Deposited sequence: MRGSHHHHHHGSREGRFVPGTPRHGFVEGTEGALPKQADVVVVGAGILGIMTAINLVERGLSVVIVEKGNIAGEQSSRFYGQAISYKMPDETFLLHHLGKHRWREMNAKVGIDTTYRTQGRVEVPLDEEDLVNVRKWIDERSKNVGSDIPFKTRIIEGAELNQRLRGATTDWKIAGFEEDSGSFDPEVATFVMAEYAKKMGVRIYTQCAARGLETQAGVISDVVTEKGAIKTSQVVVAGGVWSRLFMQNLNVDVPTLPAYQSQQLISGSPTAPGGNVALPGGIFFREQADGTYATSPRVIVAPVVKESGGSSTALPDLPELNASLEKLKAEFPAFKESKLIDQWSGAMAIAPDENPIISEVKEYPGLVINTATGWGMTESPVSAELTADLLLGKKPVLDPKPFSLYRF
């Protein structure tokens, strides 16, 4: 609510395409969150017409409710490159749109929980450094002393060591996906809001239509990017998508001239991230019952105790978001053997970060192209 500011770039509303639902589209995308939008953009670049159908408003669910960090820290081999390349593409994004998405290369310091955690993060960095798997330089390393002290300036606790993802990204949920949606519209993606996809029709084993509440659109190619609803949508087509719900709370507070900047993660559940306008995202837990109102207030109190720079900061907004996560915590970016011409791009807790690459992979899978990354760890049939 209060985090969105009407009549500014933080308005948080992009209108759907006007007029009647088109009779045909080369690809129909279900869902106008980041995954549907980014996939649509990728497909239009390949010369295909794209229509997105969205049951509510553009970017109305996970893709405007996120914490806002783009990180590869601790990612397993299955998703490391998805994140590493995702960040690299986010670093190109303001230049690609020519409008500020709020993406910033910010840097992130995470103090380990204990000696065991420090052993584990050191091994993780060492192993990745020995085989990055990309020519994009890796910029994560352990820091101490002056460099650490500068990143944690004004901290009450004498923190001694941290993992520093120097090129961690930041993006703000009041802006990023909305800028991407407007860009998609400018590129010719047509996006119909208040327009739920109900199902499909087929002819001779080929998709013929996406059936919406506003009528049918002719197509033989479908991307399911329905966020938490992807399981439900696929169940109506007799296909099981294993996801389970997860929930996370978020807060936004006003800035301070003495706040340290950056992205910080500390023992005692202290997490904050400076937004592009100098406000700060924070929460009692940012990586998966929701915290109650006393816990949320207490989270701000311990933030302020650790960083007195925030003592006079005002609570701008406080909200919660629903995710849907696969059993192994990795995305589902997959063909569906039951429906040739249909692909799924969903089931991720890191979709903002991953989206530029999962969009490409989704399109590759749809079109039968040599895929950008190994698709096996994202298959629907891995469980």
property	result
Segments lacking C-alpha coordinates (deposited sequence numbering, starting at 1)	1-13, 302-313
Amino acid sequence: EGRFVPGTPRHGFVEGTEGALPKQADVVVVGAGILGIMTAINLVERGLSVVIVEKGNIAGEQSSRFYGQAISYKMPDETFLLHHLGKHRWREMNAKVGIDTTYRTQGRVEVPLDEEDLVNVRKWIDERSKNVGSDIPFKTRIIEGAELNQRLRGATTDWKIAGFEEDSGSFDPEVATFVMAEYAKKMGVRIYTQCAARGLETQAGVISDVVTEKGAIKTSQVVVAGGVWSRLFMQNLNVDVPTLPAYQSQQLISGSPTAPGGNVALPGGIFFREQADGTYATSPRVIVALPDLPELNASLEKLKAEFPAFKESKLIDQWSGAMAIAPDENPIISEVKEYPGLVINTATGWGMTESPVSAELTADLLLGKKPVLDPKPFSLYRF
From here on, numbers count along this sequence of modelled residues.
| query | finding |
| --- | --- |
| Segment of higher mean CA temperature factor, 71-79 or 253-261 | 253-261 |
| 200-208 versus 134-142 - which carries the larger mean C-alpha B factor in the record | 200-208 |
| Out of 101, 106, 193, 313, residue topping the C-alpha B-factor column of the entry | 313 |
| Of the residues 126, 292, 110, 166, the one carrying the largest Cα B-factor as recorded | 292 |
| Position of residue 159 among the chain's modelled residues by C-alpha B-factor, lowest, middle or highest third | highest |
| Third of the chain's Cα B-factor distribution that residue 363 belongs to, per the entry | lowest |
| Lowest, middle or highest third - CA B-factor, residue 115 | highest |
| CA B-factor placement of residue 151, once the chain's modelled residues are sorted into thirds | middle |
| Cα B factor band for residue 231 (lowest, middle or highest third within the chain) | middle |
